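Counting starts at 1 for both ligands and their atoms, in listed order. Side chains are part of it too, since the values below use all heavy atoms of this structure and drop only hydrogens, waters and symmetry mates. To find a chain, count down the sequence lines: A is the first, B the second, and so on, and within it residues start at 1.
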Amino acid sequence: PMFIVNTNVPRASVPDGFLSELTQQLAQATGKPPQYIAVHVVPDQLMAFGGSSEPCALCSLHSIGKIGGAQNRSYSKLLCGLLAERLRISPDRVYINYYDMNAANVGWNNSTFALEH
Amino acid sequence: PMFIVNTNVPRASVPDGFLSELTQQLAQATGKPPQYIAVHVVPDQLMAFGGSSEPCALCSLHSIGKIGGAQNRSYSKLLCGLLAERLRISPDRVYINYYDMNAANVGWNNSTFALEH
Amino acid sequence: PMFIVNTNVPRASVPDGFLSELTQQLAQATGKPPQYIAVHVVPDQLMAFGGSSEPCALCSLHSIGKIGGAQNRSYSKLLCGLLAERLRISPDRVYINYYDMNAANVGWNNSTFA
Ligand SMILES: Cn1c(=O)c(C#N)c(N2CCN(C(=O)c3cccs3)CC2)c2ccccc21
């Protein structure tokens, strides 16, 4: 899985341990091995939410499976909780786009995850 | 809705009020209320279009509904027009990826927009 | 087509000629003219892969068609090869998301490709 956070929160406000916490909590939430979890945090962005430049975040979570109605609501509670606690971003100024990726459409290690045919 | 612009145009060339203008124009175009519109502009990028590093942009528009053949043509004219007028980027050096998002696949405010089941 | 690379490799470690090589090799692999190919490289990123901040890359390739099982494996071999050679990123620390775009969902020059 891959999780990307774009935010107008300054780099200096991103706490020590943030990437690691995301990595571990996402491994637990998705049930995927932490060795396969990638995280990407992009601070100091020029963005607006509702026209306001108060702290906000635009996020993506990509996973092969483990994406769905109830699961995505669970991820949102987890991830919004972390963004609020660590970056002080209000949950109602966060968007997270969820993508259920087909194994054939994810490249890794010179190939993809479609090794069957 | 969420609109992202990545461009090699300098930060200084992004006019103040550009995010506000995008927010207002997108609310009008999509029929969505401005409170739910997010905008993100990323200048000074290392990019090429057709092998050339003249001004260009790679963009995305994510929306729950309001994405489609004729609507996307209308969005393209609107958005290219703004990028041309405001950032001086030629419309034939702009790509915009459109995404019709399912409500269940967009997280916000500790949950998603699938509140029904 | 368009290809984006986000990496924690420093900007100074991106070699002269990299964008051009990506453009031409992607033109070759996708069967589309190089004047159609867009490339975007984002160095100095704050990222981790498997909990480690050794060099890694998160990428995307969008194309109207030319996306599929065997084709994507070929793109991956090509792109991981370039990232390893040019940016010294290990292939098992690269992800590439492939998107088969509908022509109606790609805007360009005031319209779409539908
Ligand atoms: C005249 N013309 C085309 O007919 C097509 C055609 N066909 C072009 N593209 C190649 C296929 N495309 C893609 O695969 C994508 C580009 C960005 C996301 S998907 C869109 C641009 C194209 C691109 C740039 C300029 C003219 C172009």
Side-chain angles (χ1 to χ4, degrees), chain A residues 4 60 62 97 99 101-102 104-107, chain B residues 2-9 40 42 45-63 67-69 71-81 83-84 87 89-101, chain C residues 1-6 19-20 22-42 58-76 78-79 95-114:
Chain A
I4 311 308
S60 298
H62 295 81
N97 289 324
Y99 300 90
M101 303 297 295
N102 188 272
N105 291 152
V106 181
Chain B
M2 316 173 24
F3 182 58
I4 311 302
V5 181
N6 299 269
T7 180
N8 52 350
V9 170
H40 179 194
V42 194
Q45 290 306 284
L46 177 59
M47 312 176 39
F49 191 111
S52 163
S53 65
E54 284 300 291
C56 60
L58 304 176
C59 310
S60 59
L61 181 59
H62 294 80
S63 181
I67 294 289
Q71 293 172 104
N72 293 355
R73 285 189 280 268
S74 184
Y75 295 150
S76 289
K77 180 180 182 181
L78 171 63
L79 296 168
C80 286
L83 294 178
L87 298 189
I89 303 170
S90 175
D92 66 354
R93 292 178 61 75
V94 173
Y95 288 148
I96 302 165
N97 286 318
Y98 295 98
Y99 302 89
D100 188 354
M101 301 299 296
Chain C
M2 51 184 280
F3 178 68
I4 313 307
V5 195
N6 301 280
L19 285 186
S20 293
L22 283 171
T23 299
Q24 294 165 37
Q25 291 299 107
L26 280 170
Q28 290 302 287
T30 65
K32 296 293 186 281
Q35 63 261 213
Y36 293 176
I37 306 287
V39 176
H40 181 196
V41 176
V42 194
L58 299 180
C59 312
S60 59
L61 181 62
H62 294 77
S63 180
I64 299 166
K66 310 315 283 191
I67 297 296
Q71 293 172 98
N72 293 355
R73 291 192 284 278
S74 186
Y75 295 146
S76 291
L78 170 63
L79 294 164
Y95 280 146
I96 304 168
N97 290 322
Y98 294 101
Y99 302 85
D100 184 4
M101 299 300 294
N102 188 294
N105 289 156
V106 180
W108 170 78
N109 197 205
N110 295 320
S111 190
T112 68
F113 287 106

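- Between the side chains of C:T112 and B:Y98, not a single donor N or O lies within less than 3.5 Å of an accepting N or O.
- Near ligand 1, B:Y95, B:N97, C:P1, C:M2, C:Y36, C:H62, C:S63, C:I64, C:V106, C:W108, C:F113 each place a heavy atom less than 4.0 angstrom from the ligand.
- Atom CD of C:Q35 has more than 12 heavy atoms from other residues, nucleotides or ligands within 6.0 Å.
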Apply side chain to side chain contact (heavy atoms under 4.5 Å, CB included) to B:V5 and B:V42, showing your working. CA-CA 6 Å; B:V5 181; B:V42 194; over 6 Å; no

Residue pair C:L61, C:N72: steps toward the side chain to side chain contact (heavy atoms under 4.5 Å, CB included) verdict: CA-CA 10 Å; C:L61 181 62; C:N72 293 355; over 6 Å; no

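- Ring geometry for B:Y99 versus B:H62: interplanar angle under 30°, hence parallel rather than tilted (30 to 60°).
- In this structure, the side chain of B:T7 engages the main chain of B:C56 through a donor-acceptor pair within 3.5 Å.
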